[PDB]
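Asker:
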Ligand code: NA
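In the authors' numbering, the protein residues as written are -4 to 92.
This is the structure we're talking about:
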C-alpha cells in the first residue's frame, strides 16, 4: 500500500503524482511524501529548457513500457504524469521492483 497514495486510475491510464528534485546524481525514486501523496523522484537533469521534464518522462516511459505525458505541473516541482493505457495494478508492480 506504499505507492498507492501517489496514484489513481482514470479511463485513460494512471495518474502518477510526483515531486521532483532536479540536478540529482541519478534519476530514481527516493521516497514518498506521505502528506502530499506524491512519489519523490530525483531527476539527473537541469531544470532548464524543459530538460528535467524530459528526463522524468523518459525514465517512467522506460519503467512502464507506455507513453508518459505531464498533465499538470509542467513548471512546478509537483507534477502529475499520465501513464497512458496502463492499469494501477501494473504500475504498482513496476514501482515495487
Ligand atoms: Na524542466
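Beta carbons: idealized from backbone N, C-alpha and C, even for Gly.
1. So what does DSSP say about residue 19, is it helix, strand or coil?
2. Would you call the region 69 to 78 and the region 11 to 18 in contact, with 3 or more CB pairs under 8 Å?
3. Tell me the DSSP bridge mates of residue 37?
4. Spell out the partners DSSP gives residue 86 in its beta bridges.
5. In angstroms with no decimal places, state the Cα-to-Cα distance between residue 54 and residue 8.
6. DSSP state of residue 29, grouped into three classes?
7. If distances are taken between C-alpha atoms only, which option among 42, 58, 49, 79 comes closest to residue 5?
8. For the alpha helix (DSSP H) containing residue 58, name the first residue and the last one.
9. At a cut-off of 6 Å, would you count residue 39 as near the ligand NA, judging by its Cβ distance to the nearest heavy atom?
Answerer: The structure says:
1. coil
2. yes
3. 16, 23
4. Paired residues: none, contrary to the question.
5. 17 Å
6. coil
7. 79
8. 46 to 59
9. no
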